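Step one of this worksheet: look at the structure below.
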Amino acid sequence: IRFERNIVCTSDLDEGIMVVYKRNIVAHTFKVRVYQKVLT
Amino acid sequence: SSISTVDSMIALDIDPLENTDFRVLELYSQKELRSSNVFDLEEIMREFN
């Protein structure tokens, strides 16, 4: 029985810039020309 | 060196909290969500056309 100083205490990640894009859900809208004749 | 020693250190080893990557849980797929309707607008419009 002899104390011998057993205890030996001893002891950002990646900063950066981010840009977040979402998936596009807006439907593509174009212009349709409808030609028709009405016979009454 | 056989007279031995004294382990007076009081252990306080606290394990770190393990990392958790949360899942993006999805209950109903989009197909089921579209198929969960009595009336579908696209079908009605196609039949009218």
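Going through the structure tokens in order, the chains are called A, B, and so on, while each chain numbers its residues from 1 and the ligands are numbered from 1 in the order shown.
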
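For chain A, the residues no farther than 10 Å from chain B when using only C-alpha atoms are residues 1, 2, 3, 4, 5, 6, 7 and 8 of chain A.
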
Those residues with N, CA and C atoms, as a PDB file, in the first residue's frame please?
ATOM      1  N   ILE A   1       0.834  -1.195   0.000  1.00  0.00           N
ATOM      2  CA  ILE A   1       0.000   0.000   0.000  1.00  0.00           C
ATOM      3  C   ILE A   1       0.873   1.251   0.000  1.00  0.00           C
ATOM      4  N   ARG A   2       0.958   1.909  -1.155  1.00  0.00           N
ATOM      5  CA  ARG A   2       1.825   3.075  -1.307  1.00  0.00           C
ATOM      6  C   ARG A   2       1.273   3.930  -2.439  1.00  0.00           C
ATOM      7  N   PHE A   3       0.779   5.121  -2.104  1.00  0.00           N
ATOM      8  CA  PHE A   3       0.292   6.048  -3.119  1.00  0.00           C
ATOM      9  C   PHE A   3       1.383   6.343  -4.142  1.00  0.00           C
ATOM     10  N   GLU A   4       1.013   6.310  -5.426  1.00  0.00           N
ATOM     11  CA  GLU A   4       1.972   6.453  -6.515  1.00  0.00           C
ATOM     12  C   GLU A   4       1.499   7.457  -7.564  1.00  0.00           C
ATOM     13  N   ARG A   5       0.579   8.352  -7.201  1.00  0.00           N
ATOM     14  CA  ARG A   5       0.019   9.344  -8.119  1.00  0.00           C
ATOM     15  C   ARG A   5      -0.587   8.663  -9.348  1.00  0.00           C
ATOM     16  N   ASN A   6      -1.578   7.810  -9.082  1.00  0.00           N
ATOM     17  CA  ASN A   6      -2.204   7.030 -10.146  1.00  0.00           C
ATOM     18  C   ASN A   6      -2.979   7.920 -11.112  1.00  0.00           C
ATOM     19  N   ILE A   7      -3.593   8.984 -10.606  1.00  0.00           N
ATOM     20  CA  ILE A   7      -4.481   9.815 -11.411  1.00  0.00           C
ATOM     21  C   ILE A   7      -3.646  10.706 -12.323  1.00  0.00           C
ATOM     22  N   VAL A   8      -3.784  10.507 -13.631  1.00  0.00           N
ATOM     23  CA  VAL A   8      -3.157  11.354 -14.641  1.00  0.00           C
ATOM     24  C   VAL A   8      -4.289  11.905 -15.499  1.00  0.00           C
TER      25      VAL A   8
END
